[PDB]
Number of protein chains: 2
Amino acid sequence: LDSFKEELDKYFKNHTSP
Amino acid sequence: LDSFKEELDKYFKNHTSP
């Protein structure tokens, strides 16, 4: 669960660029 | 978990429209 949450946060931080 | 990640990716791709 923590690994999936971290991956989710990384995907959000990546999608904050456009 | 794979289906959840696939749905997350689909929602991320859909979020690019607005």
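Refer to the structure printed above.
The scheme used for residues numbers each chain from 1 in its written sequence order. That scheme is not guaranteed to match the entry numbering, and residues without coordinates are omitted from view. Here the convention is simple: chains get letters from A, ligands get numbers from 1, in the order in which they are written. Only a portion of a larger assembly is displayed here, and every value given applies to that displayed portion alone. As a convention, hydrogens and water are excluded, and side-chain values are obtained from all of the structure's heavy atoms.

Draft legend 1. Quick peek at the packing of helix α1 (residues 2-15) of chain A against helix α1 (residues 2-14) of chain B. The axes are straight lines fitted to the C-alpha atoms, using for helices just the contacting stretch, and the angles between their N-to-C directions are given from 0 to 180°. Helix and strand definitions follow DSSP, with helices as H or I runs of at least four residues and strands as E runs of at least two, each counted in order from the N terminus. Where α1 of chain A contacts α1 of chain B, the axes come no closer than 12 Å and their chain directions differ by 15 degrees. Compared by their axis directions, α1 of chain A and α1 of chain B come out roughly parallel. The handedness of the crossing between α1 of chain A and α1 of chain B is right-handed. Within the contact between the two elements, α1 of chain A uses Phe4, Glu7, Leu8, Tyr11, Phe12 and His15 of chain A and α1 of chain B uses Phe4, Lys5, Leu8, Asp9 and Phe12 of chain B. Should an angle fall under 35 degrees it is called roughly parallel, over 145 degrees roughly antiparallel, and 65 to 115 degrees roughly perpendicular, with every other angle called oblique. Put simply, a crossing is left-handed when the front helix is turned counterclockwise from the back one by less than a right angle, and right-handed when it is turned clockwise. Should any heavy atoms of two residues lie within 4.5 Å, those residues are considered in contact.

Draft legend 2. Representation of the pattern of salt bridges within the structure. One side-chain nitrogen of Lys or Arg within 4 Å of one carboxyl oxygen of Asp or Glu is enough to make a salt bridge. For the structure shown, the criterion picks out 2 salt bridges over all chains. As a salt-bridge pair, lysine 13 of chain A and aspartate 9 of chain A come within 2.8 Å of each other at their nearest N and O atoms. With a gap of 4 residues between them, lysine 13 of chain A and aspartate 9 of chain A both fall in helix α1, about one helical turn apart. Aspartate 9 of chain A sits in the partly exposed class, given a relative accessible area of 32%. Between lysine 10 of chain B and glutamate 6 of chain B there is a salt bridge, with the nearest N and O atoms lying 2.6 Å from each other. Placement of the pair is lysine 10 of chain B and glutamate 6 of chain B together in helix α1, with a separation of 4 residues, close to one helical turn. On the accessibility criterion, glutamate 6 of chain B (37% relative accessible area) is partly exposed. Buried means the residue's accessible area, taken with a 1.4 Å probe over protein chains only, is under 20% of the maximum for its type, while exposed means over 50%, and partly exposed covers the values in between.

Draft legend 3. Molecular detail of the packing of aromatic side chains. Classification of ring pairs uses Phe, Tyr and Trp, with its six-membered ring standing for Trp, and accepts pairs whose centres are within 6.5 Å; under 30 degrees between planes counts as stacked, over 60 as edge-to-face, and the remaining range as tilted. Summed over all chains, the structure comprises 3 aromatic pairs over all chains. Centre to centre, the rings of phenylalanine 4 of chain A and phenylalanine 4 of chain B are 5.5 Å apart; their planes meet at 70 degrees, and the pair counts as edge-to-face. Here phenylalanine 4 of chain A is found in helix α1, whereas its partner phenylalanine 4 of chain B is found in helix α1 on a different chain. Residue class for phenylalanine 4 of chain B comes out exposed when judged on its relative accessible area of 51%. Each ring, one from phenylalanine 12 of chain A and one from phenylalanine 12 of chain B, has its centre 4.9 Å from the other, and the planes form 70 degrees; the classification is edge-to-face. Within this pair, whereas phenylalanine 12 of chain A is found in helix α1, its partner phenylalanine 12 of chain B is found in helix α1, the two belonging to separate chains. Cluster of aromatic residues (ring-pair linked, three or more members): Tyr11 and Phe12 of chain A together with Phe12 of chain B.

Structural measurements only, silent on function.
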